[PDB]
Amino acid sequence: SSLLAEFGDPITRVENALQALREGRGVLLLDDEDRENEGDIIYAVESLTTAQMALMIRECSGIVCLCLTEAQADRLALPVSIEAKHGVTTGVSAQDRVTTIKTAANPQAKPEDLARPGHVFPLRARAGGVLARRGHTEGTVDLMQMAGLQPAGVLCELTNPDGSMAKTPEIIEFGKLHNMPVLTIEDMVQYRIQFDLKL
Amino acid sequence: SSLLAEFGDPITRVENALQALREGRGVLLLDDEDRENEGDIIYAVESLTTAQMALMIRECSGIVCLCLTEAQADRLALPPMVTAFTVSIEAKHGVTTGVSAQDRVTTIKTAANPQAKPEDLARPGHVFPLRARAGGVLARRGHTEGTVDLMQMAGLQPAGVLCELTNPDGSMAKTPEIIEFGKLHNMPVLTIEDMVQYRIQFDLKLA
C-alpha cells in the first residue's frame with residue numbers, strides 16, 4: 001500500500017485538500033508519492049492569518065513565497081522581492097508578511113502599493129497550471145482556483161528541527177499532527193484531466 | 001539601570017562578543033539599548049555549522065543573510081538588487097534544493113571563500129547577500145556593517161551571517177526577548193552604539 005494511501009486515493013486527497021482550503025485551513029503538497037520528496041505547507045491568501053504565517057516561520061524554511069497568476073503579477077508590474085508600501089515596519093514579522101501578501105494579491109492592487117525589494121517572494125504560475133508545468137507554484141494557484149478561492153496562495157518548505165528538509169514520511173506525520181490534508185501534484189494532474197478542469 | 005546592564009558596560013559587551021565569535025559561538029546585535037529595537041543572531045562564517053544554521057532557521061525569520069565586504073561582494077559580481085540587498089544566491093555544486101541548513105552553509109562558505117569566483121554561484125537562490133559599507137558602523141549604523149565589523153575586529157574571515165530573532169507567535173523579538181534569549185543560550189548581547197564607542201575609543205580603522 002502506497003505512502004499516502006491512508007489519506008485516501010488520489011481523487012479523495014485532492015477533494016479533502018480543496019475542502020480544507022475552503023474552510024480556511026492549510027495543506028501539504030508533494031510532487032508525488034516518492035518517499036524522498038520534500039514538501040511545502042500551503043495556505044490560501046484569502047483566509048490567511050497572522051497565526052498561520054507564524055506557524056510557517058516556525059516550522060518551515062522562512063523563505064515564504066507568494067504564488068500568483070501571470071495576470072496579478074502583471075497588475076503589480078512584477079518582472080523581485082516585495083514589501084507593502086504602507087502598514088508595515090521591518091517587513092519580517094508574521095503580521096507584516098501577511099499585510100504585504102494581502103496587499104500584493106489584492107485584485108484592485110496598483111504597483112505603487114508595494115515597495116521593492118522586500119521580505120516576501122512572489123512567484124508567477126505558468127498558464128495551464130500543473131497540466132503545463134508540475135511545479136509547486138502551479139499546484140498552489142491551481143488549488144485556489146479549483147477551490148473557488150482568490151487565485152493566490154502562500155507556500156514554504158517544511159523543515160525538520162535539525163535543519164534538514166522534511167521528506168514524505170515527515171510531511172505525512174506533520175499533516176496528521178496538524179490535521180492538514182496531504183496531496184501530490186500527480187494527484188492534481190489526474191484530477192484536473194478526469195474532471196476536464198480548464199481553469 | 002540600562003536594559004543591557006547584565007551584559008556589562010558597553011566596552012565589556014563588545015569584548016565578550018568578540019571572544020564568543022573567536023570561540024565559534026554566536027552573538028545578538030541591537031541598534032542600541034532602546035526597548036523597541038529588534039535584534040539579530042550573528043554567527044561567524046569561518047566557524048559556521050549546520051547546527052548553528054538550523055537554530056537560525058528554527059528561531060529566526062528564516063531569511064538568513066550573508067554580510068560581505070565590498071571587496072568580496074565585487075569578487076562575486078553581486079551588484080545592488082534594484083540598496084544593500086543583492087540577488088539571492090545558491091552554491092552551484094554540493095547542494096540540492098539549497099534550502100536545508102547544510103545547503104545554506106555550503107552556499108555561504110562557497111560565497112565567502114576568498115578565492116571564490118562569480119561562477120561558483122547560481123542566482124537566484126536561498127541565501128541573501130548584503131553589502132557592508134566601507135567604514136563599517138562608523139560610516140553606517142546598520143546590522144550589516146555591525147556583522148562585518150565584528151568579524152574584522154575579532155580577526156576572523158570578514159564575513160558573517162545574520163537573522164532576525166522571531167518570537168513563537170510571529171512577532172519580532174525586541175530587546176527584552178533578545179536579552180532573555182542571550183542569557184538562555186550563553187550568547188553575548190551588544191549594540192551598534194557599543195561598537196561605535198569601542199571603535200573610536202580604540203582608534204580602530206579596519207579597512
# chains A, B, ... in the order shown; residues from 1 in each chain; ligands from 1
>>> interface_residues(of="chain B", to="chain A", cutoff="6 Å", atoms="only C-alpha atoms", output="PyMOL selection string")
chain B and resi 54+58+61-63+100-101+169-172
>>> write_last_selection(atoms="C-alpha atoms", output="PDB file, in the first residue's frame")
ATOM      1  CA  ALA B  54      19.414  25.124  11.893  1.00  0.00           C
ATOM      2  CA  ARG B  58      14.170  27.454  13.711  1.00  0.00           C
ATOM      3  CA  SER B  61      12.829  34.824  10.209  1.00  0.00           C
ATOM      4  CA  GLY B  62      14.490  32.163   8.060  1.00  0.00           C
ATOM      5  CA  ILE B  63      15.632  34.865   5.666  1.00  0.00           C
ATOM      6  CA  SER B 100      18.414  22.807   4.021  1.00  0.00           C
ATOM      7  CA  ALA B 101      20.590  24.061   6.872  1.00  0.00           C
ATOM      8  CA  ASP B 169       3.718  33.954  17.759  1.00  0.00           C
ATOM      9  CA  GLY B 170       5.408  35.502  14.727  1.00  0.00           C
ATOM     10  CA  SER B 171       6.180  38.890  16.283  1.00  0.00           C
ATOM     11  CA  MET B 172       9.803  40.064  16.119  1.00  0.00           C
TER      12      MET B 172
END
>>> select_by_dssp(residues="chain A", states="strand (DSSP E or B)", output="PyMOL selection string")
chain A and resi 27-30+38+40-44+60+65-68+82-84+114-124+153-159+165+167+182-184
>>> write_last_selection(atoms="C-alpha atoms", output="compact mmCIF listing (two decimals), in the first residue's frame")
# COMPACT_ATOMS: atom_id res chain seq x y z
CA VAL A 27 -2.50 21.65 3.21
CA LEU A 28 0.80 19.92 2.42
CA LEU A 29 1.99 19.47 -1.16
CA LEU A 30 4.43 16.93 -2.68
CA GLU A 38 10.40 17.37 0.02
CA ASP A 40 5.51 22.56 1.31
CA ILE A 41 2.83 23.97 3.57
CA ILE A 42 0.19 25.80 1.51
CA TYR A 43 -2.26 28.43 2.73
CA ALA A 44 -4.92 30.30 0.78
CA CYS A 60 9.33 25.93 7.52
CA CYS A 65 6.70 32.53 -1.32
CA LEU A 66 3.60 34.21 -2.75
CA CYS A 67 2.19 32.31 -5.73
CA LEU A 68 0.29 34.49 -8.19
CA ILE A 82 8.37 42.82 -2.22
CA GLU A 83 7.17 44.80 0.79
CA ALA A 84 3.87 46.53 1.49
CA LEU A 114 4.40 47.65 -2.98
CA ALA A 115 8.00 48.61 -2.36
CA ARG A 116 10.91 46.61 -3.78
CA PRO A 117 12.93 44.84 -2.52
CA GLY A 118 11.24 43.25 0.49
CA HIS A 119 10.82 40.08 2.55
CA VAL A 120 8.06 38.33 0.59
CA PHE A 121 8.99 36.39 -2.55
CA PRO A 122 6.43 36.35 -5.40
CA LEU A 123 6.36 33.54 -7.97
CA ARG A 124 4.41 33.56 -11.26
CA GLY A 153 -1.56 31.17 -2.15
CA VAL A 154 1.45 31.07 0.10
CA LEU A 155 3.99 28.24 0.21
CA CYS A 156 7.00 27.38 2.33
CA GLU A 157 9.16 24.27 2.65
CA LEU A 158 8.61 22.15 5.78
CA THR A 159 11.84 21.86 7.75
CA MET A 165 14.23 19.26 4.90
CA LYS A 167 10.71 14.33 3.34
CA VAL A 182 -1.55 15.94 2.22
CA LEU A 183 -1.67 15.60 -1.58
CA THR A 184 0.59 15.48 -4.61
>>> closest_residue(among="A:33, A:195, A:125, A:48", to="residue A:1", atoms="only C-alpha atoms")
A:33
>>> residues_around(residues="residue B:76", least_positions_apart="4", cutoff="8 Å", atoms="only C-alpha atoms", output="PDB file with C-alpha atoms, in the first residue's frame")
ATOM      1  CA  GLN B  72      34.167  40.114  -1.587  1.00  0.00           C
ATOM      2  CA  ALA B 111      30.345  32.639  -1.413  1.00  0.00           C
ATOM      3  CA  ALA B 116      35.759  32.459  -4.932  1.00  0.00           C
ATOM      4  CA  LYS B 117      34.596  33.160  -8.462  1.00  0.00           C
ATOM      5  CA  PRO B 118      31.209  34.632  -9.520  1.00  0.00           C
ATOM      6  CA  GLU B 119      30.664  31.376 -11.376  1.00  0.00           C
TER       7      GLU B 119
END
>>> residues_around(residues="stretch 135-141 of chain B", least_positions_apart="2", cutoff="8 Å", atoms="only C-alpha atoms", output="PyMOL selection string")
chain B and resi 31+132-133+143+145-146+148-149+192+195-196+199+205-207
>>> residues_around(residues="stretch 157-166 of chain B", least_positions_apart="2", cutoff="8 Å", atoms="only C-alpha atoms", output="PyMOL selection string")
(chain A and resi 93) or (chain B and resi 38-46+56+59-69+112+144+147-149+151-152+155+168+170-173+178)
>>> write_last_selection(atoms="N, CA, C and O atoms", output="tab-separated table (two decimals), in the first residue's frame")
chain	number	residue	atom	x	y	z
A	93	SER	N	8.02	40.50	10.37
A	93	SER	CA	7.08	39.88	11.31
A	93	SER	C	5.98	39.14	10.56
A	93	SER	O	5.74	39.41	9.38
B	38	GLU	N	14.54	45.68	17.41
B	38	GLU	CA	14.56	44.26	17.05
B	38	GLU	C	16.00	43.79	16.90
B	38	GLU	O	16.86	44.56	16.49
B	39	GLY	N	16.27	42.53	17.24
B	39	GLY	CA	17.65	42.06	17.27
B	39	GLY	C	17.93	40.89	16.36
B	39	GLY	O	17.02	40.13	16.01
B	40	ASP	N	19.20	40.73	15.99
B	40	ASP	CA	19.64	39.65	15.11
B	40	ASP	C	20.60	38.71	15.80
B	40	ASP	O	21.45	39.14	16.59
B	41	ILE	N	20.47	37.42	15.48
B	41	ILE	CA	21.52	36.46	15.78
B	41	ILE	C	22.60	36.62	14.72
B	41	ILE	O	22.30	36.74	13.53
B	42	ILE	N	23.85	36.62	15.17
B	42	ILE	CA	25.03	36.70	14.30
B	42	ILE	C	25.92	35.48	14.49
B	42	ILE	O	26.19	35.13	15.63
B	43	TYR	N	26.38	34.86	13.40
B	43	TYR	CA	27.42	33.83	13.51
B	43	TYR	C	28.55	34.16	12.55
B	43	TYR	O	28.32	34.70	11.46
B	44	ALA	N	29.78	33.84	12.95
B	44	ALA	CA	30.92	33.96	12.05
B	44	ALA	C	30.84	32.88	10.97
B	44	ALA	O	30.50	31.73	11.27
B	45	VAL	N	31.15	33.24	9.73
B	45	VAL	CA	31.11	32.30	8.61
B	45	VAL	C	32.23	31.28	8.75
B	45	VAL	O	32.06	30.10	8.45
B	46	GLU	N	33.37	31.74	9.24
B	46	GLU	CA	34.56	30.94	9.41
B	46	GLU	C	34.32	29.63	10.17
B	46	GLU	O	34.88	28.59	9.83
B	56	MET	N	19.14	29.14	13.54
B	56	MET	CA	18.65	30.35	12.89
B	56	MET	C	17.35	30.13	12.16
B	56	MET	O	16.44	30.94	12.24
B	59	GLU	N	14.62	29.58	14.85
B	59	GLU	CA	14.36	30.63	15.84
B	59	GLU	C	14.14	32.02	15.22
B	59	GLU	O	13.63	32.93	15.88
B	60	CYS	N	14.55	32.18	13.96
B	60	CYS	CA	14.57	33.49	13.35
B	60	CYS	C	13.63	33.57	12.13
B	60	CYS	O	12.82	32.68	11.91
B	61	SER	N	13.73	34.63	11.35
B	61	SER	CA	12.83	34.82	10.21
B	61	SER	C	13.01	33.78	9.11
B	61	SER	O	12.12	33.56	8.29
B	62	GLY	N	14.18	33.14	9.09
B	62	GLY	CA	14.49	32.16	8.06
B	62	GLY	C	15.06	32.80	6.81
B	62	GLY	O	15.55	32.12	5.91
B	63	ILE	N	15.01	34.13	6.75
B	63	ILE	CA	15.63	34.86	5.67
B	63	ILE	C	17.05	35.19	6.12
B	63	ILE	O	17.35	36.29	6.59
B	64	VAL	N	17.92	34.20	6.00
B	64	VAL	CA	19.27	34.30	6.53
B	64	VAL	C	20.14	35.09	5.56
B	64	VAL	O	20.24	34.77	4.37
B	65	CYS	N	20.76	36.14	6.07
B	65	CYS	CA	21.57	37.00	5.22
B	65	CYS	C	23.06	36.77	5.42
B	65	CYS	O	23.52	36.46	6.53
B	66	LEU	N	23.81	36.91	4.33
B	66	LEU	CA	25.27	36.81	4.33
B	66	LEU	C	25.87	38.21	4.20
B	66	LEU	O	25.75	38.86	3.16
B	67	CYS	N	26.49	38.69	5.27
B	67	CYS	CA	27.08	40.01	5.23
B	67	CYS	C	28.51	39.96	4.73
B	67	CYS	O	29.34	39.29	5.33
B	68	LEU	N	28.77	40.66	3.63
B	68	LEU	CA	30.08	40.61	2.96
B	68	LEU	C	30.72	41.98	2.84
B	68	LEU	O	30.03	42.99	2.74
B	69	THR	N	32.05	42.01	2.81
B	69	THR	CA	32.77	43.22	2.45
B	69	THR	C	32.49	43.56	0.99
B	69	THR	O	32.06	42.69	0.21
B	112	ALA	N	31.69	33.11	0.56
B	112	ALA	CA	32.59	33.90	1.41
B	112	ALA	C	34.05	33.54	1.19
B	112	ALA	O	34.95	34.20	1.72
B	144	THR	N	24.32	45.13	9.11
B	144	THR	CA	25.21	44.51	8.13
B	144	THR	C	26.65	44.94	8.40
B	144	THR	O	27.57	44.13	8.39
B	147	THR	N	27.90	43.34	11.65
B	147	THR	CA	28.31	41.96	11.47
B	147	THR	C	29.74	41.86	10.89
B	147	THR	O	30.61	41.22	11.47
B	148	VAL	N	29.97	42.51	9.76
B	148	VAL	CA	31.30	42.51	9.14
B	148	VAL	C	32.34	43.16	10.04
B	148	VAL	O	33.47	42.67	10.14
B	149	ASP	N	31.97	44.25	10.74
B	149	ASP	CA	32.90	44.89	11.68
B	149	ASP	C	33.33	43.94	12.80
B	149	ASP	O	34.51	43.83	13.12
B	151	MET	N	33.45	40.69	12.77
B	151	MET	CA	34.36	39.68	12.22
B	151	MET	C	35.79	40.24	12.06
B	151	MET	O	36.76	39.62	12.49
B	152	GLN	N	35.91	41.42	11.46
B	152	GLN	CA	37.23	42.05	11.30
B	152	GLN	C	37.87	42.35	12.66
B	152	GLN	O	39.04	42.05	12.87
B	155	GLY	N	39.20	39.46	14.19
B	155	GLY	CA	40.32	38.95	13.42
B	155	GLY	C	39.96	37.77	12.52
B	155	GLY	O	40.85	37.08	12.01
B	168	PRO	N	7.74	32.96	19.02
B	168	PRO	CA	6.85	31.89	18.54
B	168	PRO	C	5.57	32.40	17.84
B	168	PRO	O	5.17	31.80	16.82
B	170	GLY	N	5.14	34.83	15.99
B	170	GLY	CA	5.41	35.50	14.73
B	170	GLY	C	5.88	36.94	14.87
B	170	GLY	O	6.40	37.51	13.91
B	171	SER	N	5.69	37.53	16.05
B	171	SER	CA	6.18	38.89	16.28
B	171	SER	C	7.71	38.88	16.35
B	171	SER	O	8.31	37.84	16.64
B	172	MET	N	8.34	40.02	16.09
B	172	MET	CA	9.80	40.06	16.12
B	172	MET	C	10.30	40.24	17.55
B	172	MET	O	9.70	40.98	18.32
B	173	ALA	N	11.39	39.57	17.91
B	173	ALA	CA	11.89	39.73	19.27
B	173	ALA	C	12.43	41.14	19.47
B	173	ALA	O	13.16	41.65	18.63
B	178	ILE	N	15.32	39.56	23.43
B	178	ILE	CA	16.68	39.35	22.96
B	178	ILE	C	17.61	39.07	24.14
B	178	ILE	O	18.50	38.22	24.07
>>> residues_around(residues="residue A:47", least_positions_apart="2", cutoff="10 Å", atoms="only C-alpha atoms", output="VMD selection string")
chain A and resid 21 to 26 43 to 45 49 52 102 149 to 150 153
>>> residues_around(residues="residue A:138", least_positions_apart="6", cutoff="7 Å", atoms="only C-alpha atoms", output="compact mmCIF listing (two decimals) with N, CA, C and O atoms, in the first residue's frame")
# COMPACT_ATOMS: atom_id res chain seq x y z
N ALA A 125 2.83 31.73 -11.56
CA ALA A 125 2.40 30.42 -12.01
C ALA A 125 2.24 30.39 -13.54
O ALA A 125 1.72 31.33 -14.13
N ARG A 126 2.69 29.32 -14.17
CA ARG A 126 2.52 29.15 -15.61
C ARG A 126 1.07 29.01 -15.98
O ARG A 126 0.31 28.35 -15.27
N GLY A 129 -1.39 25.84 -15.37
CA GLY A 129 -1.08 25.21 -14.10
C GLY A 129 -0.30 23.91 -14.19
O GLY A 129 0.62 23.76 -15.01
N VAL A 130 -0.67 22.95 -13.34
CA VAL A 130 0.04 21.68 -13.25
C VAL A 130 -0.04 20.85 -14.54
O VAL A 130 0.75 19.93 -14.75
>>> closest_residue(among="B:29, B:154, B:190, B:57", to="residue B:9", atoms="only C-alpha atoms")
B:190
>>> atom_distance(atom1="atom CA of residue A:147", atom2="atom CA of residue A:199")
10.9 Å
>>> select_by_dssp(residues="stretch 3-155 of chain B", states="helix (DSSP H, G or I)", output="ChimeraX atom specification")
/B:5-7,10-22,50-59,70-75,101-112,118-120,136-138,143-154
>>> write_last_selection(atoms="C-alpha atoms", output="short mmCIF file (atom, residue, chain, number, x, y, z; two decimals), in the first residue's frame")
data_model
loop_
_atom_site.label_atom_id
_atom_site.label_comp_id
_atom_site.auth_asym_id
_atom_site.auth_seq_id
_atom_site.Cartn_x
_atom_site.Cartn_y
_atom_site.Cartn_z
CA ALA B 5 23.38 46.29 32.29
CA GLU B 6 23.57 42.49 32.90
CA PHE B 7 25.92 42.02 29.97
CA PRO B 10 29.42 49.00 26.59
CA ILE B 11 33.12 48.13 26.26
CA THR B 12 32.67 44.80 28.04
CA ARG B 13 29.72 43.88 25.83
CA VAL B 14 31.90 44.26 22.74
CA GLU B 15 34.88 42.41 24.21
CA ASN B 16 32.69 39.48 25.22
CA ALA B 17 31.06 39.35 21.76
CA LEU B 18 34.42 39.29 20.02
CA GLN B 19 35.61 36.48 22.29
CA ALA B 20 32.47 34.44 21.66
CA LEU B 21 32.95 34.84 17.89
CA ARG B 22 36.60 33.84 18.30
CA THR B 50 24.85 23.04 10.19
CA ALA B 51 23.54 23.17 13.74
CA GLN B 52 24.06 26.94 14.05
CA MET B 53 22.21 27.46 10.75
CA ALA B 54 19.41 25.12 11.89
CA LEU B 55 18.96 27.22 15.04
CA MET B 56 18.65 30.35 12.89
CA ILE B 57 16.04 28.75 10.65
CA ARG B 58 14.17 27.45 13.71
CA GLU B 59 14.36 30.63 15.84
CA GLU B 70 32.59 45.28 -0.74
CA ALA B 71 35.76 43.54 -1.94
CA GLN B 72 34.17 40.11 -1.59
CA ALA B 73 30.82 41.22 -2.98
CA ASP B 74 32.63 42.57 -6.03
CA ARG B 75 34.67 39.37 -6.29
CA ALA B 101 20.59 24.06 6.87
CA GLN B 102 23.53 22.17 5.39
CA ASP B 103 22.89 23.53 1.90
CA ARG B 104 22.75 27.15 3.06
CA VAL B 105 26.05 26.67 4.92
CA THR B 106 27.57 25.21 1.75
CA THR B 107 26.28 28.19 -0.24
CA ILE B 108 27.59 30.62 2.37
CA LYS B 109 31.05 29.01 2.57
CA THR B 110 31.34 28.97 -1.20
CA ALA B 111 30.34 32.64 -1.41
CA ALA B 112 32.59 33.90 1.41
CA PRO B 118 31.21 34.63 -9.52
CA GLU B 119 30.66 31.38 -11.38
CA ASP B 120 30.72 29.33 -8.17
CA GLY B 136 31.52 49.83 8.93
CA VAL B 137 29.44 51.18 11.78
CA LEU B 138 31.46 54.42 11.93
CA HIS B 143 23.44 45.47 11.36
CA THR B 144 25.21 44.51 8.13
CA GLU B 145 28.13 46.77 8.99
CA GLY B 146 27.89 45.56 12.61
CA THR B 147 28.31 41.96 11.47
CA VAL B 148 31.30 42.51 9.14
CA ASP B 149 32.90 44.89 11.68
CA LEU B 150 32.67 42.28 14.45
CA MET B 151 34.36 39.68 12.22
CA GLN B 152 37.23 42.05 11.30
CA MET B 153 37.58 43.23 14.91
CA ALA B 154 37.69 39.60 16.09
#
>>> closest_residue(among="A:152, A:171, A:197, A:76", to="residue A:108", atoms="only C-alpha atoms")
A:76
>>> atom_distance(atom1="atom CA of residue A:9", atom2="atom CA of residue A:148")
22.1 Å
>>> decode(residues="stretch 93-127 of chain B", atoms="N, CA and C atoms", output="compact mmCIF listing (two decimals), in the first residue's frame")
# COMPACT_ATOMS: atom_id res chain seq x y z
N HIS B 93 27.62 23.86 -6.82
CA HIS B 93 27.90 22.46 -6.54
C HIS B 93 27.73 22.12 -5.07
N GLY B 94 27.48 20.85 -4.78
CA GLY B 94 27.46 20.39 -3.40
C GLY B 94 26.16 20.59 -2.63
N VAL B 95 25.11 21.02 -3.33
CA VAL B 95 23.78 21.18 -2.73
C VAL B 95 22.71 20.46 -3.56
N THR B 96 21.46 20.53 -3.10
CA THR B 96 20.35 20.03 -3.89
C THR B 96 19.31 21.13 -4.05
N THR B 97 18.28 21.10 -3.21
CA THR B 97 17.25 22.12 -3.24
C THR B 97 17.73 23.44 -2.66
N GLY B 98 18.83 23.40 -1.90
CA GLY B 98 19.51 24.61 -1.46
C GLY B 98 18.95 25.28 -0.23
N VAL B 99 17.90 24.71 0.35
CA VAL B 99 17.20 25.37 1.44
C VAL B 99 17.53 24.71 2.80
N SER B 100 18.05 23.49 2.78
CA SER B 100 18.41 22.81 4.02
C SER B 100 19.50 23.57 4.76
N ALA B 101 19.60 23.35 6.06
CA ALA B 101 20.59 24.06 6.87
C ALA B 101 21.98 23.78 6.32
N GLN B 102 22.24 22.52 5.97
CA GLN B 102 23.53 22.17 5.39
C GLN B 102 23.77 22.87 4.07
N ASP B 103 22.74 22.94 3.23
CA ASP B 103 22.89 23.53 1.90
C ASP B 103 23.14 25.03 1.96
N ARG B 104 22.49 25.72 2.89
CA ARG B 104 22.75 27.15 3.06
C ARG B 104 24.19 27.38 3.54
N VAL B 105 24.68 26.52 4.43
CA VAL B 105 26.05 26.67 4.92
C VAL B 105 27.04 26.47 3.77
N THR B 106 26.79 25.45 2.96
CA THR B 106 27.57 25.21 1.75
C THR B 106 27.56 26.44 0.85
N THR B 107 26.38 26.98 0.58
CA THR B 107 26.28 28.19 -0.24
C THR B 107 27.06 29.36 0.37
N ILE B 108 26.97 29.50 1.68
CA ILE B 108 27.59 30.62 2.37
C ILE B 108 29.12 30.50 2.35
N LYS B 109 29.62 29.30 2.63
CA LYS B 109 31.05 29.01 2.57
C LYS B 109 31.63 29.26 1.19
N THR B 110 30.90 28.81 0.18
CA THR B 110 31.34 28.97 -1.20
C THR B 110 31.39 30.45 -1.57
N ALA B 111 30.43 31.22 -1.07
CA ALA B 111 30.34 32.64 -1.41
C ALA B 111 31.40 33.48 -0.69
N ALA B 112 31.69 33.11 0.56
CA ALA B 112 32.59 33.90 1.41
C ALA B 112 34.05 33.54 1.19
N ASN B 113 34.27 32.48 0.42
CA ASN B 113 35.61 32.00 0.10
C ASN B 113 36.42 33.10 -0.55
N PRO B 114 37.57 33.45 0.06
CA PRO B 114 38.43 34.50 -0.51
C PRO B 114 38.82 34.22 -1.97
N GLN B 115 38.98 32.94 -2.33
CA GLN B 115 39.36 32.58 -3.69
C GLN B 115 38.14 32.26 -4.56
N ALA B 116 36.99 32.83 -4.24
CA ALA B 116 35.76 32.46 -4.93
C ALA B 116 35.58 33.21 -6.24
N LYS B 117 34.93 32.55 -7.19
CA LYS B 117 34.60 33.16 -8.46
C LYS B 117 33.09 33.32 -8.59
N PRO B 118 32.64 34.35 -9.32
CA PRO B 118 31.21 34.63 -9.52
C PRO B 118 30.46 33.43 -10.06
N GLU B 119 31.21 32.54 -10.72
CA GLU B 119 30.66 31.38 -11.38
C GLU B 119 30.57 30.18 -10.43
N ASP B 120 30.96 30.37 -9.17
CA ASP B 120 30.72 29.33 -8.17
C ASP B 120 29.26 29.39 -7.70
N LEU B 121 28.56 30.45 -8.10
CA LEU B 121 27.25 30.72 -7.55
C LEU B 121 26.19 30.87 -8.62
N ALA B 122 25.08 30.16 -8.43
CA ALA B 122 23.91 30.37 -9.27
C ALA B 122 23.00 31.39 -8.61
N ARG B 123 22.27 32.13 -9.44
CA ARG B 123 21.24 33.06 -8.97
C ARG B 123 19.95 32.78 -9.74
N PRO B 124 18.80 32.88 -9.07
CA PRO B 124 18.62 33.20 -7.65
C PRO B 124 18.93 31.99 -6.77
N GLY B 125 18.73 32.13 -5.46
CA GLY B 125 18.98 31.04 -4.54
C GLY B 125 18.26 31.25 -3.23
N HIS B 126 18.76 30.64 -2.16
CA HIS B 126 18.10 30.76 -0.86
C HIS B 126 18.97 31.40 0.24
N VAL B 127 20.04 32.08 -0.17
CA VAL B 127 20.88 32.82 0.76
C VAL B 127 20.95 34.24 0.23
